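Provided below as structure tokens are two forms of one protein chain, presented individually as structure 1 and structure 2.
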Structure 1
């Protein structure tokens, strides 16, 4: 059997080119090489209060965006997290193998606390435990995520090792899979800030479903450096704006950074932003065409969801049963 890939995305907010470049691109590319399981984490999404109607619609939006990106339900398991109760069950049990300090030192918890100071709920605190549960349920070897999930991923390796040290090889120790380029896509007008699916000025964000014409406008106004003379060179430290555009172009065309640096020799930033805008506008145009064919067929969306949850429950229930014996529960009679 192949090694197992698992990853998740929240059906909340509008997914960005950062989501694509940090995770989704790798998800598509791994579907043949490994046994991939991809999840829409609706139980994580509600740690930030959401309108109920939007959340149900956003769940179908995310699923159709997966399919438009090229996730194939005949190659990959795709499901909605809450359709598989074993995520909640293992999430509870792993709470007991997680220290309070580990959760209270989490960068994402601190950032979300500041941003959502009226709703600092315990799900927001417990978030990494459920995410560890989503991963360890499937005997996962690889987790493709962006760089902002690395602390969370390292906790789930710790929890896996802690549990294994007590009860034997019940879990696999997962390994992160974070791309060397486009792991932290930066904001267009503030290239020191990661591009956030929660930004309150949309001029920083390229949405995957946003109007391509509005997207080209944002990329043309991307903030570049004041190097004299201007030079299209890759350097994340002192040329943040330029390098972020190079990453974004690379993710659209498939050309390497050094091939792109050669192609832009003797070229200035206005030509660079225009090439990025044309490349990105083209991919979003094709992406949104596939998106709508999938999104408007809800009975197809329902079929993918059902088949995926059934495929996922088979695997999760094997692990959860082994956890429950490890720890001492009486097994439920059948």
Structure 2
């Protein structure tokens, strides 16, 4: 079974695009694949932020993944900081990553108040994240192909010097989920990092907010009004259909037939009642999980236990190749 590493950034309200395009289909693939979901809190402190907020953000992100359907029996779900092997391999990989590679990373080269070594050094740690678990499928994140390429460069550069300690990871492009485009720029896809949030709709949004946001979405000035799928000409109405089709499963031609003679104010309202209906169940659930302090502390405890087992195997193999003397655990440790 192929092993898949995804990272859950503690900040960044999951959008309906994230859900329907990616995580929804990945919920249905936990038995075929060995999916690992790591809450990368050590990657978040690269940017300064409120200590209580990050702690709550970590716990928020956990419950929502659970709320999105990640089964902690089938899949491994943990907090990056709770598995030391991450920092630990991170340092060793610093010695097999070159200054220029890190500095030519398009993001950093761009950044202006916290040019910390975290910001610069994150891509090595992100390669330590992938490589510990012998990952072979990586779902290439947003604006982060560079990063996986650097992981592949690191792992080959290490394995070339010492042997196949690591699996070279390949990018994961699963079943393309729904096509969710930004609500005021249907040319652009929906991004969790969108500074203007009217292009987005988070998974935990008031039915009112869902309505207010789909109401402001861009349409066209076609007279007569038409609900037809033309991605070139009718983008915003195309997008409204792709979203709706995704929530309901109905086809684009079915939707067109259903909206014959209806205007856009109706399609909007209809798309908003369908979105918010989906998010009521997933929001019901979320709070159950978010309130169940015990259950949360258990999914963490069990989850990190499963990770830190698989990671120390790899970390031992690395430190062996490296030239280090092994930690002396107990007389009868092997």
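For clarity, a rigid core is taken as the largest C-alpha set superposing within 1.5 Å between two forms. Residue numbers count along the first chain shown, from 1.
- Between the two displayed forms of this chain, it is structure 2 that matches the form deposited without tryptophanyl-5'AMP.
- Rigid-core fit between the two structures: of 85, 168, 123, 258, the one residue whose Cα shifts 2 angstroms or more is 258.
- Core-superposed comparison between the two structures: CA of residue 278 displaced by 2 Å or more.
- Once both forms are overlaid on the rigid core, the distance between the two CA positions of residue 246 between the two structures is 2 angstroms or more.
- A movement of the C-alpha atom of residue 56 falling short of 2 angstroms is seen between the two structures when the two forms are aligned on their rigid core.
- Core-superposed comparison between the two structures: residue 22 shows a Cα shift of 5.9 Å.
- After superposition on the rigid core, the Cα atom of residue 103 is displaced by 0.6 Å between the two structures.
- In the core-aligned comparison between the two structures, the Cα atom of residue 227 sits 8.2 Å away from its counterpart.
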